[PDB]
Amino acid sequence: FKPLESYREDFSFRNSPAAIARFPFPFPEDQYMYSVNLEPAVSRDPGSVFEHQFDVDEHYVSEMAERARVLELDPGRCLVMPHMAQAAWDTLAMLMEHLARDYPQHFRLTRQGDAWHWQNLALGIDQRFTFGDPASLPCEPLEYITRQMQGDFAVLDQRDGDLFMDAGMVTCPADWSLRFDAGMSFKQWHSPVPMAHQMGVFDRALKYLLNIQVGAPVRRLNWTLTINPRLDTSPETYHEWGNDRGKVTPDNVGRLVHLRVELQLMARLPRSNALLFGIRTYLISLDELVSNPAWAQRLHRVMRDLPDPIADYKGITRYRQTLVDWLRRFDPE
């Protein structure tokens, strides 16, 4: 873990060369289109973001500080409807188990029955508590554990042939809000997305997700762009970030425009039968990205050719031409 970085204000976040090398570049082709891009979330490629179910990286402490600031300002970024309390404990069990197995240098868990002892050495936390007893922890169980893992989480109730957004911790969204979406069903919360409904992507995806079983989790990548390494690109805080989309120039694209990738996990939670949706968010500046000339060339092509409704949906419209012109320099054809 490097020195504390910000994702707001002075934007001190930056990637080491190792963090650049493992960035999850999301484009298998020189153009992008929506699809059901799901695969089994099996461990692969040691050192990569796909090695473990939950990826903890160099920015862990910085990010947890960012989460804490968001929640200090707005505790309503975390919501757990009462029927989802068991699912919140399932989520805390899954995260603590995997973190302690995969990063034993940073996390430890020992248990006897419902007497659990969790240590997070990175954050100086040493907690003895009662699994299932929310008065035993300093806050509600989903908030407790997600204050200690990178990325956002939604917890979906599966009922009546659908998924319902009935709990979550959403502090680094790509321009959406859990308080807006609370209680919505799968196709409903997806209503603003262009193209993909008519394509069948959401029908097919819902069907795959409803069939997810314990021990066979699934993953996909999503992406967008963000100006500055701003994690909290929420409706709630628009006045703090939306203006930056007018600040891109030919001279500053490389330092301002960031590629944002979401490594998404869908995992069945074993007591409750709920579905955990992890949204692990990676950021890389274009100066960093173009370190890799194959990434640079491919991003030029993607951005030049991206369907306008998809560009508009992603919020790239205002700076897209400047961006495209800048990236063209890295594309020998």
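Just count from 1 along the sequence shown to find any residue number.
> Quick one: higher average CA temperature factor, 146-154 or 199-207?
Replying inline: Looking at the recorded C-alpha B-factors, 199-207 comes out higher on average.
>> Please compare 42-50 with 283-291 and name the stretch with the higher mean C-alpha B-factor in the deposited structure.
In response: Taking the mean B-factor of the alpha carbons in each, 42-50 is higher.
> Which of these has the highest Cα B-factor in the record: 214, 78, 96, 221?
Replying inline: If I rank 214, 78, 96, 221 by C-alpha B-factor, first place goes to 214.
> Out of 193, 115, 100, 225, which shows the largest CA B-factor listed in the entry?
Replying inline: Each of 193, 115, 100, 225 was compared by C-alpha B-factor; the highest is 100.
>> Looking at the temperature factor on the CA atom of residue 318, which third of the chain's modelled residues does it land in?
In response: Its C-alpha B-factor belongs to the highest third of this chain's values.
> What third of its chain, lowest, middle or highest, does the C-alpha temperature factor of residue 298 fall into?
Replying inline: It falls in the top third of the chain.
> Thinking about Cα B factors across the chain, which third does residue 134 belong to?
Replying inline: It belongs to the middle third of the chain when residues are ordered by C-alpha B-factor.
>> By the recorded C-alpha temperature factor, relative to the other modelled residues in its chain, which third is residue 128 in?
In response: CA B-factor rank for residue 128: middle third.
>> When the deposited Cα B-factors of this chain's modelled residues are ordered and cut into thirds, is residue 304 in the lowest, the middle or the highest one?
In response: Middle third by C-alpha B-factor.
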